[PDB]
>>> print(open('work-v4.pdb').read())   # PDB, C-alpha atoms (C1' of nucleotides) and all ligand atoms
ATOM      1  CA  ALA A   1       4.367 -17.887  41.536
ATOM      2  CA  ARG A   2       6.731 -19.065  38.785
ATOM      3  CA  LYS A   3      10.459 -18.395  39.106
ATOM      4  CA  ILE A   4      11.887 -17.956  35.618
ATOM      5  CA  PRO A   5      15.541 -16.835  35.217
ATOM      6  CA  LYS A   6      15.222 -15.405  31.680
ATOM      7  CA  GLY A   7      12.312 -14.180  29.539
ATOM      8  CA  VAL A   8      10.959 -11.260  27.504
ATOM      9  CA  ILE A   9       9.298  -7.889  28.174
ATOM     10  CA  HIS A  10       6.752  -6.681  25.618
ATOM     11  CA  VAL A  11       6.045  -2.946  25.702
ATOM     12  CA  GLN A  12       3.300  -1.763  23.378
ATOM     13  CA  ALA A  13       3.181   2.020  23.071
ATOM     14  CA  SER A  14       0.056   3.515  21.529
ATOM     15  CA  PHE A  15      -1.081   7.094  21.529
ATOM     16  CA  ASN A  16      -3.642   6.761  24.294
ATOM     17  CA  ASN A  17      -1.847   4.228  26.499
ATOM     18  CA  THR A  18       1.089   1.821  26.837
ATOM     19  CA  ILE A  19       0.922  -1.837  27.871
ATOM     20  CA  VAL A  20       3.855  -3.586  29.531
ATOM     21  CA  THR A  21       3.658  -7.381  29.587
ATOM     22  CA  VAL A  22       6.155  -9.799  31.132
ATOM     23  CA  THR A  23       6.569 -13.215  29.580
ATOM     24  CA  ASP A  24       8.957 -16.112  29.005
ATOM     25  CA  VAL A  25      10.731 -17.466  25.908
ATOM     26  CA  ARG A  26       8.394 -20.474  25.831
ATOM     27  CA  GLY A  27       5.959 -17.785  24.664
ATOM     28  CA  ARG A  28       4.009 -17.676  27.904
ATOM     29  CA  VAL A  29       2.578 -14.758  29.884
ATOM     30  CA  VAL A  30       3.532 -14.299  33.488
ATOM     31  CA  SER A  31       2.295 -10.872  34.626
ATOM     32  CA  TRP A  32       1.384  -7.544  32.985
ATOM     33  CA  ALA A  33       1.117  -3.900  33.970
ATOM     34  CA  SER A  34      -0.782  -1.212  32.085
ATOM     35  CA  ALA A  35      -0.683   2.539  32.463
ATOM     36  CA  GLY A  36      -4.418   2.287  33.116
ATOM     37  CA  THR A  37      -4.140  -0.249  35.924
ATOM     38  CA  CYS A  38      -1.871   2.168  37.828
ATOM     39  CA  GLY A  39      -4.765   4.530  38.475
ATOM     40  CA  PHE A  40      -4.374   6.754  35.441
ATOM     41  CA  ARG A  41      -7.218   7.912  33.215
ATOM     42  CA  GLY A  42      -7.384   8.948  29.596
ATOM     43  CA  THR A  43      -5.425  12.173  29.180
ATOM     44  CA  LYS A  44      -2.590  11.332  31.610
ATOM     45  CA  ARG A  45      -2.763   7.764  30.320
ATOM     46  CA  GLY A  46      -0.694   8.811  27.328
ATOM     47  CA  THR A  47       2.160  10.677  28.993
ATOM     48  CA  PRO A  48       5.641   9.141  29.306
ATOM     49  CA  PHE A  49       5.380   9.338  33.113
ATOM     50  CA  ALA A  50       2.584   6.764  33.355
ATOM     51  CA  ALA A  51       4.648   4.491  31.094
ATOM     52  CA  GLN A  52       7.466   4.952  33.589
ATOM     53  CA  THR A  53       5.373   3.837  36.566
ATOM     54  CA  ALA A  54       3.885   1.025  34.434
ATOM     55  CA  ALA A  55       7.245  -0.502  33.558
ATOM     56  CA  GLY A  56       8.374  -0.035  37.161
ATOM     57  CA  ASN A  57       5.192  -1.737  38.358
ATOM     58  CA  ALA A  58       5.687  -4.824  36.168
ATOM     59  CA  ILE A  59       9.377  -5.128  37.096
ATOM     60  CA  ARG A  60       8.322  -5.114  40.807
ATOM     61  CA  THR A  61       6.624  -8.455  40.208
ATOM     62  CA  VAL A  62       9.465  -9.685  37.948
ATOM     63  CA  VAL A  63      12.154  -9.219  40.612
ATOM     64  CA  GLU A  64       9.715 -10.765  43.139
ATOM     65  CA  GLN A  65       9.828 -13.992  41.072
ATOM     66  CA  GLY A  66      13.587 -13.575  41.036
ATOM     67  CA  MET A  67      14.386 -13.060  37.364
ATOM     68  CA  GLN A  68      17.665 -11.746  35.960
ATOM     69  CA  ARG A  69      18.128 -11.342  32.183
ATOM     70  CA  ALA A  70      15.511 -10.103  29.726
ATOM     71  CA  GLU A  71      14.772  -8.954  26.184
ATOM     72  CA  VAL A  72      12.756  -5.789  25.591
ATOM     73  CA  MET A  73      10.145  -5.554  22.832
ATOM     74  CA  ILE A  74       8.763  -2.157  21.857
ATOM     75  CA  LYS A  75       5.669  -1.998  19.684
ATOM     76  CA  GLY A  76       3.972   1.193  18.513
ATOM     77  CA  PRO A  77       4.465   4.940  17.720
ATOM     78  CA  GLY A  78       3.486   6.362  21.147
ATOM     79  CA  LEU A  79       5.666   8.265  23.630
ATOM     80  CA  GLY A  80       6.356   5.539  26.176
ATOM     81  CA  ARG A  81       8.698   3.908  23.649
ATOM     82  CA  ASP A  82      11.516   5.971  25.164
ATOM     83  CA  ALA A  83      10.287   6.465  28.709
ATOM     84  CA  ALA A  84       9.543   2.868  29.667
ATOM     85  CA  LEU A  85      13.065   1.917  28.549
ATOM     86  CA  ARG A  86      14.585   4.106  31.271
ATOM     87  CA  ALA A  87      12.532   2.258  33.916
ATOM     88  CA  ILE A  88      13.773  -1.093  32.562
ATOM     89  CA  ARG A  89      17.291   0.239  33.123
ATOM     90  CA  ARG A  90      16.897   1.794  36.600
ATOM     91  CA  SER A  91      15.025  -1.196  38.025
ATOM     92  CA  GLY A  92      18.364  -2.979  38.035
ATOM     93  CA  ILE A  93      17.586  -5.786  35.629
ATOM     94  CA  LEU A  94      20.207  -6.902  33.102
ATOM     95  CA  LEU A  95      19.287  -5.789  29.577
ATOM     96  CA  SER A  96      19.957  -8.369  26.875
ATOM     97  CA  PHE A  97      18.358  -7.053  23.658
ATOM     98  CA  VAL A  98      16.039  -4.141  22.868
ATOM     99  CA  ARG A  99      14.027  -4.638  19.675
ATOM    100  CA  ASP A 100      11.474  -2.597  17.764
ATOM    101  CA  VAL A 101       8.629  -4.841  16.643
ATOM    102  CA  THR A 102       6.224  -2.119  15.400
ATOM    103  CA  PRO A 103       4.247  -3.793  12.588
ATOM    104  CA  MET A 104       4.986  -2.283   9.192
ATOM    105  CA  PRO A 105       2.507  -3.421   6.548
ATOM    106  CA  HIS A 106       4.164  -3.983   3.199
ATOM    107  CA  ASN A 107       0.861  -2.781   1.686
ATOM    108  CA  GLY A 108      -2.659  -3.620   2.598
ATOM    109  CA  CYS A 109      -5.852  -2.746   4.292
ATOM    110  CA  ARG A 110      -6.767   0.821   3.552
ATOM    111  CA  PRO A 111      -6.515   2.864   6.763
ATOM    112  CA  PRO A 112      -9.359   5.011   8.093
ATOM    113  CA  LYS A 113      -9.905   8.432   6.470
ATOM    114  CA  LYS A 114      -8.307  11.674   7.643
ATOM    115  CA  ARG A 115      -9.874  13.390  10.605
ATOM    116  CA  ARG A 116     -10.856  16.891   9.666
ATOM    117  CA  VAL A 117     -10.416  18.613  12.986
TER     118      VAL A 117
ATOM    119  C1'   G B   1     -20.206  41.560 -65.480
ATOM    120  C1'   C B   2     -21.154  38.053 -69.353
ATOM    121  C1'   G B   3     -20.218  36.074 -74.501
ATOM    122  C1'   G B   4     -17.026  35.442 -79.125
ATOM    123  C1'   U B   5     -12.097  35.613 -81.198
ATOM    124  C1'   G B   6      -6.118  36.526 -81.595
ATOM    125  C1'   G B   7      -2.051  36.149 -78.819
ATOM    126  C1'   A B   8       1.525  35.126 -73.784
ATOM    127  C1'   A B   9       3.019  30.402 -70.802
ATOM    128  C1'   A B  10       5.718  32.503 -65.119
ATOM    129  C1'   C B  11       2.135  30.669 -61.040
ATOM    130  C1'   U B  12      -2.405  27.175 -59.816
ATOM    131  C1'   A B  13      -4.691  23.360 -62.832
ATOM    132  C1'   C B  14      -3.975  19.274 -66.564
ATOM    133  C1'   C B  15      -0.642  15.478 -69.676
ATOM    134  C1'   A B  16       4.146  12.695 -70.208
ATOM    135  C1'   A B  17       8.708  11.275 -67.979
ATOM    136  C1'   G B  18      12.022  11.880 -64.118
ATOM    137  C1'   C B  19      14.268  12.883 -58.699
ATOM    138  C1'   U B  20      15.242  11.921 -53.187
ATOM    139  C1'   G B  21      15.139  15.526 -48.317
ATOM    140  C1'   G B  22       8.710  14.397 -46.991
ATOM    141  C1'   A B  23       5.880   9.568 -46.018
ATOM    142  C1'   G B  24       6.562   4.329 -45.870
ATOM    143  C1'   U B  25       8.794  -1.211 -46.481
ATOM    144  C1'   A B  26      12.862  -4.690 -45.430
ATOM    145  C1'   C B  27      17.340  -5.451 -42.266
ATOM    146  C1'   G B  28      20.021  -5.136 -37.641
ATOM    147  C1'   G B  29      19.984  -3.372 -33.009
ATOM    148  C1'   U B  30      18.104  -1.477 -27.887
ATOM    149  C1'   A B  31      15.057   0.772 -23.309
ATOM    150  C1'   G B  32      10.407   0.241 -21.302
ATOM    151  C1'   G B  33       4.864   0.138 -14.362
ATOM    152  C1'   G B  34       2.409  -0.370 -22.966
ATOM    153  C1'   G B  35      -1.967  -3.988 -23.317
ATOM    154  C1'   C B  36      -4.372  -8.991 -22.661
ATOM    155  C1'   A B  37      -3.936 -13.815 -20.649
ATOM    156  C1'   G B  38      -1.782 -17.787 -17.227
ATOM    157  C1'   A B  39       1.349 -19.122 -12.933
ATOM    158  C1'   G B  40       3.707 -17.845  -8.003
ATOM    159  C1'   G B  41       5.082 -14.518  -3.256
ATOM    160  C1'   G B  42       5.400 -12.089   1.359
ATOM    161  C1'   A B  43       4.449  -8.650   5.306
ATOM    162  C1'   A B  44      -0.101  -6.459   7.723
ATOM    163  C1'   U B  45      -5.110  -6.786   9.244
ATOM    164  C1'   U B  46      -9.755  -9.297  10.739
ATOM    165  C1'   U B  47     -12.236 -13.442  12.423
ATOM    166  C1'   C B  48     -12.102 -18.501  14.274
ATOM    167  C1'   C B  49      -9.640 -22.728  17.402
ATOM    168  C1'   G B  50      -6.392 -23.433  21.600
ATOM    169  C1'   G B  51      -2.303 -22.326  26.069
ATOM    170  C1'   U B  52      -0.860 -18.233  29.562
ATOM    171  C1'   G B  53      -2.845 -14.425  32.382
ATOM    172  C1'   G B  54      -6.570 -11.846  35.238
ATOM    173  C1'   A B  55      -9.096  -5.824  35.142
ATOM    174  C1'   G B  56      -9.569  -2.832  32.513
ATOM    175  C1'   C B  57      -9.302  -2.195  26.983
ATOM    176  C1'   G B  58     -10.619   1.351  23.275
ATOM    177  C1'   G B  59     -11.302   6.355  22.335
ATOM    178  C1'   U B  60     -11.413  12.401  22.730
ATOM    179  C1'   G B  61     -10.078  19.190  23.094
ATOM    180  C1'   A B  62     -12.340  16.779  27.833
ATOM    181  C1'   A B  63     -15.756  12.709  27.765
ATOM    182  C1'   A B  64     -19.423   9.006  26.825
ATOM    183  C1'   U B  65     -21.636   5.106  23.609
ATOM    184  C1'   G B  66     -18.903   0.549  22.565
ATOM    185  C1'   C B  67     -15.902  -4.224  23.878
ATOM    186  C1'   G B  68     -14.766  -6.947  29.124
ATOM    187  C1'   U B  69     -14.942 -11.799  35.051
ATOM    188  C1'   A B  70     -19.832 -15.715  29.980
ATOM    189  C1'   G B  71     -12.034 -14.029  30.877
ATOM    190  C1'   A B  72     -11.483  -8.480  27.032
ATOM    191  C1'   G B  73      -7.047  -6.190  25.533
ATOM    192  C1'   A B  74      -1.788  -8.218  25.841
ATOM    193  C1'   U B  75       1.222 -12.457  24.388
ATOM    194  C1'   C B  76       2.717 -17.469  21.907
ATOM    195  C1'   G B  77       1.028 -21.337  18.566
ATOM    196  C1'   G B  78      -2.150 -22.779  14.894
ATOM    197  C1'   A B  79      -5.723 -22.560  10.723
ATOM    198  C1'   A B  80      -8.950 -19.580   6.880
ATOM    199  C1'   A B  81     -10.110 -15.577   3.778
ATOM    200  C1'   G B  82     -10.112 -11.493   0.880
ATOM    201  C1'   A B  83      -8.014  -6.894  -0.859
TER     202        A B  83
HETATM  203 MG    MG A 201      -5.193  11.754  22.850
HETATM  204 MG    MG A 202     -13.273  37.695 -72.451
HETATM  205 MG    MG A 203       4.945  25.211 -67.743
HETATM  206 MG    MG A 204       4.241  12.260 -61.892
HETATM  207 MG    MG A 205      -4.075 -10.542 -15.298
HETATM  208 MG    MG A 206       2.427 -15.967   5.823
HETATM  209 MG    MG A 207      -5.521 -18.889  35.493
HETATM  210 MG    MG A 208     -21.378  -2.468  28.388
HETATM  211 MG    MG A 209     -20.106 -17.096  24.394
HETATM  212 MG    MG A 210      -8.740 -19.947  33.124
HETATM  213 MG    MG A 211      -6.892 -11.200  21.745
HETATM  214 MG    MG A 212      -4.475 -16.963   0.823
END
>>> encode(input="work-v4.pdb", output="C-alpha cells")
Amino acid sequence: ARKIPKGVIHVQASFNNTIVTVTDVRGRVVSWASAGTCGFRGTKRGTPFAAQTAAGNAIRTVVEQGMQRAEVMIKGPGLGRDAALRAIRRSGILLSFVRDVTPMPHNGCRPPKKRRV
RNA sequence: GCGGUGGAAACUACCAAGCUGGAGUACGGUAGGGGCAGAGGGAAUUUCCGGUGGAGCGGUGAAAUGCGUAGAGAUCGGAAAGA
C-alpha cells in the first residue's frame, strides 16, 4: 500500500505473547503481526517459535512494500527477545540498529503482590 | 538487746581547706539518609485528546470471566494528575 524505503520494527516481548509491529520514522504504523494472529493460542503463544513465525510474517508484508533498511526495537522480558531477532536476520533485510527499549521505572507505582503458588 | 559513762579515730558519716583522672564550659576543627520547614527534578504508570492501523488483546498448571469492529492492544505526538 505504502512503499517506504526505511523505517522501524517494534518487537514487544511479554511472557504470554510477543507483538511485532512495522512502522516508519515519521512515527506511523504500517502493518503488524502478533504471535496470536498466526493461529497460536495461549501456551504455545509464549514460545520463541511463535515469535519466529510472527517476525517472519510481518517481514513478508514489509518486503512486499519493498523496504530495505530498518531499526529493531525490543521491549520486554519475554523469550522472543532473542528468537524474533534471528527472523529479522534471515528474512534478508538490512539491519541498521537493534535497541532495547524495555521500560525501567526509576521508582514508582508499587507492583502487584507476590503470587503464592 | 537496750540505757549510762571512760577511752580509740582506720572505714562510713559530719566540719574546714585543698587536688585533677570522673562530669561539664569555652575555643578550634571535621563526617553525617539526624529532625522540622521551604524550593526544584526525572524516568515509569494510568486516564483523557488526536494520527496510523485493523483482529485479536490480556491472562493460567490448562482455561474462562474481562477488554475489542461503537476500532482494543501496538505505535507516534500531545496534555493532566498523584504516589
Ligand atoms: Mg504462562
Ligand atoms: Mg553501750
Ligand atoms: Mg579521719
Ligand atoms: Mg569539700
Ligand atoms: Mg518537608
Ligand atoms: Mg516528563
Ligand atoms: Mg484505516
Ligand atoms: Mg465481552
Ligand atoms: Mg463510546
Ligand atoms: Mg479509521
Ligand atoms: Mg492504546
Ligand atoms: Mg506533575
>>> residues_near_ligand(input="work-v4.pdb", ligand="ligand MG 201 (chain A)", cutoff="12 Å", atoms="all atoms listed in the file", output="VMD selection string")
(chain A and resid 14 to 17 41 to 47 78 to 79) or (chain B and resid 58 to 63)
>>> interface_residues(input="work-v4.pdb", of="chain A", to="chain B", cutoff="12 Å", atoms="only C-alpha atoms (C1' of nucleotides)", output="PyMOL selection string")
chain A and resi 2+8-46+73+75+102-111+117
>>> axis_aligned_box(input="work-v4.pdb", around="region 106-112 of chain A", padding_each_side="5 Å", output="AutoDock Vina command-line options")
--center_x -2.6 --center_y 0.5 --center_z 4.9 --size_x 23.5 --size_y 19.0 --size_z 16.4
>>> residues_around(input="work-v4.pdb", residues="region 81-97 of chain A", least_positions_apart="3", cutoff="6 Å", atoms="all atoms listed in the file", output="PyMOL selection string")
chain A and resi 13+48+51-52+55-56+68-71
>>> residues_near_ligand(input="work-v4.pdb", ligand="ligand MG 204 (chain A)", cutoff="9 Å", atoms="only C-alpha atoms (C1' of nucleotides) and all ligand atoms", output="PDB file with C-alpha atoms (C1' of nucleotides), keeping the file's coordinate frame")
ATOM      1  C1'   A B  16       4.146  12.695 -70.208  1.00  0.00           C
ATOM      2  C1'   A B  17       8.708  11.275 -67.979  1.00  0.00           C
ATOM      3  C1'   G B  18      12.022  11.880 -64.118  1.00  0.00           C
TER       4        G B  18
END
>>> closest_atom_pairs(input="work-v4.pdb", of="chain B", to="ligand MG 212 (chain A)", cutoff="9 Å", atoms="all atoms listed in the file", output="JSON lines")
{"residue": "B:80", "atom": "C1'", "partner": "A:MG212", "partner_atom": "MG", "distance": 8.0}
{"residue": "B:81", "atom": "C1'", "partner": "A:MG212", "partner_atom": "MG", "distance": 6.5}
{"residue": "B:82", "atom": "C1'", "partner": "A:MG212", "partner_atom": "MG", "distance": 7.9}
>>> atom_distance(input="work-v4.pdb", atom1="atom MG of ligand MG 202 (chain A)", atom2="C1' of residue 4 (chain B)")
8.0 Å
>>> closest_residue(input="work-v4.pdb", among="A:58, A:63, A:1, A:101", to="residue 77 (chain A)", atoms="only C-alpha atoms")
A:101
>>> residues_near_ligand(input="work-v4.pdb", ligand="ligand MG 203 (chain A)", cutoff="10 Å", atoms="all atoms listed in the file", output="PDB file with C-alpha atoms (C1' of nucleotides), in the coordinates of the input")
ATOM      1  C1'   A B   9       3.019  30.402 -70.802  1.00  0.00           C
ATOM      2  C1'   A B  10       5.718  32.503 -65.119  1.00  0.00           C
ATOM      3  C1'   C B  11       2.135  30.669 -61.040  1.00  0.00           C
TER       4        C B  11
END
>>> resolve_selection(input="work-v4.pdb", expression="the PyMOL selection byres (((not hetatm)) within 9 of (chain A and resi 205))", output="PyMOL selection string")
chain B and resi 36-38
>>> write_last_selection(input="work-v4.pdb", atoms="C-alpha atoms (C1' of nucleotides)", output="PDB file, keeping the file's coordinate frame")
ATOM      1  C1'   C B  36      -4.372  -8.991 -22.661  1.00  0.00           C
ATOM      2  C1'   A B  37      -3.936 -13.815 -20.649  1.00  0.00           C
ATOM      3  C1'   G B  38      -1.782 -17.787 -17.227  1.00  0.00           C
TER       4        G B  38
END
>>> atom_distance(input="work-v4.pdb", atom1="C1' of residue 71 (chain B)", atom2="atom MG of ligand MG 208 (chain A)")
15.1 Å
>>> atom_distance(input="work-v4.pdb", atom1="atom MG of ligand MG 202 (chain A)", atom2="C1' of residue 3 (chain B)")
7.4 Å
>>> residues_near_ligand(input="work-v4.pdb", ligand="ligand MG 208 (chain A)", cutoff="12 Å", atoms="all atoms listed in the file", output="number ranges by chain")
B: 64-68, 72
>>> resolve_selection(input="work-v4.pdb", expression="the PyMOL selection byres (((chain A and resi 67) around 8) and not hetatm)", output="PDB file with C-alpha atoms, keeping the file's coordinate frame")
ATOM      1  CA  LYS A   3      10.459 -18.395  39.106  1.00  0.00           C
ATOM      2  CA  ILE A   4      11.887 -17.956  35.618  1.00  0.00           C
ATOM      3  CA  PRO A   5      15.541 -16.835  35.217  1.00  0.00           C
ATOM      4  CA  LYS A   6      15.222 -15.405  31.680  1.00  0.00           C
ATOM      5  CA  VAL A  62       9.465  -9.685  37.948  1.00  0.00           C
ATOM      6  CA  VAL A  63      12.154  -9.219  40.612  1.00  0.00           C
ATOM      7  CA  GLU A  64       9.715 -10.765  43.139  1.00  0.00           C
ATOM      8  CA  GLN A  65       9.828 -13.992  41.072  1.00  0.00           C
ATOM      9  CA  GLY A  66      13.587 -13.575  41.036  1.00  0.00           C
ATOM     10  CA  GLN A  68      17.665 -11.746  35.960  1.00  0.00           C
ATOM     11  CA  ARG A  69      18.128 -11.342  32.183  1.00  0.00           C
TER      12      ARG A  69
END
>>> decode(input="work-v4.pdb", residues="region 1-107 of chain A", atoms="C-alpha atoms", output="PDB file, in the first residue's frame")
ATOM      1  CA  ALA A   1       0.000   0.000   0.000  1.00  0.00           C
ATOM      2  CA  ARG A   2       2.733   2.442   1.052  1.00  0.00           C
ATOM      3  CA  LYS A   3       6.280   1.946  -0.220  1.00  0.00           C
ATOM      4  CA  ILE A   4       8.679   3.219   2.430  1.00  0.00           C
ATOM      5  CA  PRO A   5      12.451   2.640   1.977  1.00  0.00           C
ATOM      6  CA  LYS A   6      13.431   2.939   5.666  1.00  0.00           C
ATOM      7  CA  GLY A   7      11.552   2.622   8.971  1.00  0.00           C
ATOM      8  CA  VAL A   8      11.458   0.850  12.340  1.00  0.00           C
ATOM      9  CA  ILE A   9      10.420  -2.563  13.700  1.00  0.00           C
ATOM     10  CA  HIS A  10       8.993  -2.653  17.226  1.00  0.00           C
ATOM     11  CA  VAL A  11       9.088  -6.063  18.905  1.00  0.00           C
ATOM     12  CA  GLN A  12       7.405  -6.250  22.292  1.00  0.00           C
ATOM     13  CA  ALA A  13       8.170  -9.488  24.122  1.00  0.00           C
ATOM     14  CA  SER A  14       5.979 -10.329  27.101  1.00  0.00           C
ATOM     15  CA  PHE A  15       5.661 -13.591  28.935  1.00  0.00           C
ATOM     16  CA  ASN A  16       2.424 -14.706  27.327  1.00  0.00           C
ATOM     17  CA  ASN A  17       2.966 -13.327  23.820  1.00  0.00           C
ATOM     18  CA  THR A  18       5.123 -11.144  21.559  1.00  0.00           C
ATOM     19  CA  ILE A  19       3.914  -8.363  19.260  1.00  0.00           C
ATOM     20  CA  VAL A  20       5.839  -7.361  16.144  1.00  0.00           C
ATOM     21  CA  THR A  21       4.844  -4.020  14.629  1.00  0.00           C
ATOM     22  CA  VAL A  22       6.252  -2.400  11.489  1.00  0.00           C
ATOM     23  CA  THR A  23       6.357   1.369  11.284  1.00  0.00           C
ATOM     24  CA  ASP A  24       8.150   4.363   9.788  1.00  0.00           C
ATOM     25  CA  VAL A  25      10.389   7.080  11.264  1.00  0.00           C
ATOM     26  CA  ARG A  26       7.589   9.640  10.911  1.00  0.00           C
ATOM     27  CA  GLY A  27       6.192   7.612  13.818  1.00  0.00           C
ATOM     28  CA  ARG A  28       3.488   5.928  11.777  1.00  0.00           C
ATOM     29  CA  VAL A  29       2.208   2.344  11.764  1.00  0.00           C
ATOM     30  CA  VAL A  30       2.199   0.375   8.565  1.00  0.00           C
ATOM     31  CA  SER A  31       1.440  -3.270   9.406  1.00  0.00           C
ATOM     32  CA  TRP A  32       1.737  -5.553  12.455  1.00  0.00           C
ATOM     33  CA  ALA A  33       1.975  -9.260  13.184  1.00  0.00           C
ATOM     34  CA  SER A  34       1.278 -10.929  16.517  1.00  0.00           C
ATOM     35  CA  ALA A  35       2.051 -14.433  17.678  1.00  0.00           C
ATOM     36  CA  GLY A  36      -1.685 -14.747  18.296  1.00  0.00           C
ATOM     37  CA  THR A  37      -2.733 -13.734  14.793  1.00  0.00           C
ATOM     38  CA  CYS A  38      -0.627 -16.596  13.380  1.00  0.00           C
ATOM     39  CA  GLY A  39      -3.028 -19.180  14.773  1.00  0.00           C
ATOM     40  CA  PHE A  40      -1.355 -19.768  18.114  1.00  0.00           C
ATOM     41  CA  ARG A  41      -3.162 -19.983  21.440  1.00  0.00           C
ATOM     42  CA  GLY A  42      -2.098 -19.286  24.988  1.00  0.00           C
ATOM     43  CA  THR A  43       0.529 -21.843  25.976  1.00  0.00           C
ATOM     44  CA  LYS A  44       2.338 -22.003  22.607  1.00  0.00           C
ATOM     45  CA  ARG A  45       1.787 -18.256  22.318  1.00  0.00           C
ATOM     46  CA  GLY A  46       4.776 -17.706  24.576  1.00  0.00           C
ATOM     47  CA  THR A  47       7.381 -19.931  22.943  1.00  0.00           C
ATOM     48  CA  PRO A  48      10.237 -18.476  20.869  1.00  0.00           C
ATOM     49  CA  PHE A  49       8.979 -20.383  17.807  1.00  0.00           C
ATOM     50  CA  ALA A  50       5.751 -18.383  17.515  1.00  0.00           C
ATOM     51  CA  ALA A  51       7.838 -15.205  17.811  1.00  0.00           C
ATOM     52  CA  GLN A  52       9.885 -16.555  14.919  1.00  0.00           C
ATOM     53  CA  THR A  53       6.865 -17.040  12.656  1.00  0.00           C
ATOM     54  CA  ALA A  54       5.472 -13.673  13.836  1.00  0.00           C
ATOM     55  CA  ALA A  55       8.546 -11.699  12.816  1.00  0.00           C
ATOM     56  CA  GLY A  56       8.704 -13.664   9.562  1.00  0.00           C
ATOM     57  CA  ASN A  57       5.032 -12.896   8.944  1.00  0.00           C
ATOM     58  CA  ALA A  58       5.458  -9.128   9.386  1.00  0.00           C
ATOM     59  CA  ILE A  59       8.597  -9.034   7.217  1.00  0.00           C
ATOM     60  CA  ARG A  60       6.583 -10.786   4.433  1.00  0.00           C
ATOM     61  CA  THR A  61       4.457  -7.653   4.170  1.00  0.00           C
ATOM     62  CA  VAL A  62       7.491  -5.354   4.622  1.00  0.00           C
ATOM     63  CA  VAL A  63       9.372  -6.793   1.633  1.00  0.00           C
ATOM     64  CA  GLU A  64       6.061  -6.713  -0.306  1.00  0.00           C
ATOM     65  CA  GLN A  65       6.065  -2.902   0.106  1.00  0.00           C
ATOM     66  CA  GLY A  66       9.687  -3.011  -0.977  1.00  0.00           C
ATOM     67  CA  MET A  67      11.562  -1.764   2.075  1.00  0.00           C
ATOM     68  CA  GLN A  68      15.301  -2.087   2.680  1.00  0.00           C
ATOM     69  CA  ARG A  69      16.867  -0.716   5.891  1.00  0.00           C
ATOM     70  CA  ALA A  70      15.352  -0.883   9.370  1.00  0.00           C
ATOM     71  CA  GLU A  71      15.882  -0.360  13.092  1.00  0.00           C
ATOM     72  CA  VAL A  72      14.818  -3.043  15.562  1.00  0.00           C
ATOM     73  CA  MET A  73      13.182  -2.180  18.889  1.00  0.00           C
ATOM     74  CA  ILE A  74      12.868  -4.857  21.561  1.00  0.00           C
ATOM     75  CA  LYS A  75      10.601  -4.222  24.525  1.00  0.00           C
ATOM     76  CA  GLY A  76      10.002  -6.647  27.386  1.00  0.00           C
ATOM     77  CA  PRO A  77      11.468  -9.595  29.407  1.00  0.00           C
ATOM     78  CA  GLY A  78       9.897 -12.467  27.407  1.00  0.00           C
ATOM     79  CA  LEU A  79      11.651 -15.138  25.325  1.00  0.00           C
ATOM     80  CA  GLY A  80      11.022 -13.812  21.827  1.00  0.00           C
ATOM     81  CA  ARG A  81      13.578 -11.068  22.513  1.00  0.00           C
ATOM     82  CA  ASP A  82      16.232 -13.404  21.100  1.00  0.00           C
ATOM     83  CA  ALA A  83      14.201 -15.520  18.711  1.00  0.00           C
ATOM     84  CA  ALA A  84      12.485 -12.797  16.697  1.00  0.00           C
ATOM     85  CA  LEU A  85      15.899 -11.217  16.061  1.00  0.00           C
ATOM     86  CA  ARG A  86      17.027 -14.292  14.117  1.00  0.00           C
ATOM     87  CA  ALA A  87      13.982 -13.972  11.825  1.00  0.00           C
ATOM     88  CA  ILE A  88      14.820 -10.297  11.197  1.00  0.00           C
ATOM     89  CA  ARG A  89      18.243 -11.506  10.059  1.00  0.00           C
ATOM     90  CA  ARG A  90      17.234 -14.482   7.871  1.00  0.00           C
ATOM     91  CA  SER A  91      14.459 -12.583   6.091  1.00  0.00           C
ATOM     92  CA  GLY A  92      17.215 -10.783   4.223  1.00  0.00           C
ATOM     93  CA  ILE A  93      16.565  -7.250   5.396  1.00  0.00           C
ATOM     94  CA  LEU A  94      19.490  -4.947   6.197  1.00  0.00           C
ATOM     95  CA  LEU A  95      19.838  -4.411   9.952  1.00  0.00           C
ATOM     96  CA  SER A  96      20.675  -0.853  10.973  1.00  0.00           C
ATOM     97  CA  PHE A  97      20.343  -0.680  14.781  1.00  0.00           C
ATOM     98  CA  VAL A  98      18.996  -3.070  17.420  1.00  0.00           C
ATOM     99  CA  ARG A  99      17.891  -1.321  20.615  1.00  0.00           C
ATOM    100  CA  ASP A 100      16.453  -2.445  23.932  1.00  0.00           C
ATOM    101  CA  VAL A 101      13.626  -0.127  24.947  1.00  0.00           C
ATOM    102  CA  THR A 102      12.284  -2.148  27.922  1.00  0.00           C
ATOM    103  CA  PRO A 103      10.860   0.479  30.307  1.00  0.00           C
ATOM    104  CA  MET A 104      12.810   0.712  33.547  1.00  0.00           C
ATOM    105  CA  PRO A 105      10.981   2.754  36.176  1.00  0.00           C
ATOM    106  CA  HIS A 106      13.345   4.871  38.226  1.00  0.00           C
ATOM    107  CA  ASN A 107      10.918   4.266  41.124  1.00  0.00           C
TER     108      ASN A 107
END
